[PDB]
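Worksheet: the structure to be examined is printed underneath.
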Amino acid sequence: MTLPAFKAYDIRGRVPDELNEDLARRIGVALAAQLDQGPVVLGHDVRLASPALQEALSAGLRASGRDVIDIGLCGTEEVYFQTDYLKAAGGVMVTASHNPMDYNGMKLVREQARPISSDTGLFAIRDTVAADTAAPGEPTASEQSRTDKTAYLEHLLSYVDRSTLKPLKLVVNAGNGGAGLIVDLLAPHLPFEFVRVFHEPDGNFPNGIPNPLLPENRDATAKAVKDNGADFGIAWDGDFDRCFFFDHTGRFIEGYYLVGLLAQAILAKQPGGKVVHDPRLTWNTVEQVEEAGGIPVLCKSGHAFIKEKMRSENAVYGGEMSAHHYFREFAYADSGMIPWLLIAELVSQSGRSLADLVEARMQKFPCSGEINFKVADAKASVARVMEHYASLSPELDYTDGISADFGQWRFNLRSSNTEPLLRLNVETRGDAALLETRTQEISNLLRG
Ligand SMILES: C[C@]1(O)O[C@H](COP(=O)(O)O)[C@@H](O)[C@H](O)[C@H]1O
Ligand SMILES: [Mg+2]
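Mapping of the sequence shown onto this note's numbering: position 394 corresponds to residue 386, and the numbering continues sequentially without gaps.
Structure, rendered in structure tokens:
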């Protein structure tokens, strides 16, 4: 057997049987042996066990001669930013993002906040930790506390021309995660009126786990937008590397359309740039990027693939439909803060509502949203789908599972790299009826 907490892209486990202070200390020792020379940035989220896991990590790192820079309670993107900004050897965020209260985890990066994933170091660490029965050494290096967020805040604000911002009324919903701290620190520098929902950080999560995809959690943001006449609403997961948008009618915006919107907003500042996108839903992003004078670059989904493709392409922006937005100037890392700043600027500068900015894109490229299927035999289910459609001779692409382009409609069908599911995305060229009949047809085949 192997330690179950070591996943494809990060560490995630129930505390204390799958993840605990002793494992965390061992992870720190193992990480020291994997990095180039330099100090290691540590930060943590609002979960009750997160401080103690970070302290154990720090103890293992310092026992192995690593200086530790403790940036304190923060968002995941702040570990990325500070790891790059401080020219650190690496960084670790202690977080379970959006998982239940008895779970925690770690996200690990090396120099320039490049990801450490299962095949790029994480499983090496796992196997080292699994075999480590050595006595815990004593610290041979120092810890410095560096909680100053000024550089990070200035960097966020550099994405917008503040003299063009209007005093929009924005609902913000931290979900009792960590986002509210950053909103409040940005607020003196912005003209917006914030309506704060579930704002105070609270690791007991009295209003539910910070997962804005849960319909009941969506409804708190929607209600606040509608009841206050807000221009739009923003909700974050617990470590706020994902943000979610609600238009002035309270409508949750499907994240697909944000990729094209943010690409056009970015390409205004940075003309002719490359934009990386995933293969699940594509047509709208390709069109919007091209119409803004950018170059769209198809990439396998998943932050490690997206970031490495952005690096190799010098891409200014990368976006996934699942609320991940990456920015070259942000060390090619994802931010849950930069996106709503860009959208607030777009609404301010264009005189258009968020609703209207995306409405014609939704009409032009209606999509199913991601639909998940737990099936008995994923390979046999996919084969059932492909055999059914074979006589139509779709254009097939294997960048990430199977993409089939039929002309007026297309789908992508993937096995997940983090769960044992099949995931389906369908979109059409302005045809809602075709979207539904094909989505239901594929759904029946997959369940068959
Ligand atoms: C961890 C993670 O959040 O999991 C998402 C879903 O990955 P998947 O199950 O393969 O569809 C990825 O898109 C995302 O980039 C990655 O950061
Ligand atoms: Mg997260």
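The beta carbon of each residue, even a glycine, is placed where N, CA and C say it ideally should be.
Buried or exposed: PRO204, going by 16 or more other Cβ atoms within 10 Å of its Cβ? buried
Ignore the nearest five residues each way along the sequence and tell me which others in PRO263's own chain have a CB closer than 7 Å to its CB. Taken in chain order, the residues that qualify are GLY285.
Reference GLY52; option with closest CA among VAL21, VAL71, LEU338: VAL21
Give the straight-line distance between the Cα atoms of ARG4 and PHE73, rounded to the nearest whole angstrom. 22 Å
Can you look up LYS266 in the DSSP assignment and give me helix, strand or coil? strand
Reduced DSSP category for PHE(-2) - H, G, I as helix; E, B as strand; rest coil: strand
On the criterion of 16 or more Cβ atoms from any shown chain inside 10 Å, does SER395 qualify as buried, or is it exposed? Residue environment: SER395 is assigned as buried (16 or more neighbouring CB atoms within 10 Å of its CB, all protein chains considered).
Three-way DSSP call (helix, strand, coil) for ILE363 in this model: Under the three-state reduction of DSSP output, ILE363 falls in the strand class.
Check for me: the beta strand (DSSP E) holding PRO331 runs from which residue to which? That residue, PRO331, is in no beta strand (DSSP E); its alpha helix (DSSP H) goes 330 to 342.
For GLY200 and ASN91, I'd like the C-alpha separation in whole angstroms. 11 Å
Would you check if the segment 269 to 283 and the segment 99 to 112 touch, i.e. whether three or more CB-CB distances between them fall below 8 Å? no
Please list, in chain order, all residues of the same chain as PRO386 whose beta carbon is under 7 Å from its beta carbon, the five residues on each side excluded. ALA396, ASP397, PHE398
Inspect the CB distances between the segment 143 to 157 and the segment 205 to 219 and report whether three or more fall short of 8 Å. Short answer: they don't touch.
Same chain, Cβ closer than 6 Å to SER56, five either side skipped, listed in chain order: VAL21, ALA24, listed in sequence order.
Which of the three DSSP states, helix, strand or coil, is assigned to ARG17? helix
C-beta contact flag for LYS292 and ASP389 at 8 Å: no
Starting from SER110, trace the alpha helix (DSSP H) both ways and give me its first and last residue. No alpha helix (DSSP H) holds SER110; DSSP gives it neither H nor E.
With the cut-off set at 8 Å, would you say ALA126 and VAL163 are in Cβ contact? no
Hey, would you say the C-beta of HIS295 is under 7 Å away from at least one heavy atom of ligand 2? no
Does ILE201 come out as helix, strand or coil in the three-state DSSP assignment? coil
In terms of residues, what are the limits of the beta strand (DSSP E) holding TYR309? 309 to 312
Applying the 10 Å Cβ sphere with the 16-neighbour rule, what's the burial state of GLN256? buried
Exposed unless 16 or more other CB atoms sit within 10 angstroms - verdict on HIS295: buried
Pull the bridge partners of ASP62 from the DSSP assignment, please. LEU34, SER137
Touching by the beta-carbon criterion (3+ pairs, under 8 Å), the segment 97 to 109 and the segment 332 to 351: no
Please look up how many angstroms separate the CB atoms of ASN165 and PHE190, rounded, as I've assumed it's under 8 Å. Yes, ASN165 and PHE190 are in contact; Cβ-Cβ is about 5 Å, under 8 Å.
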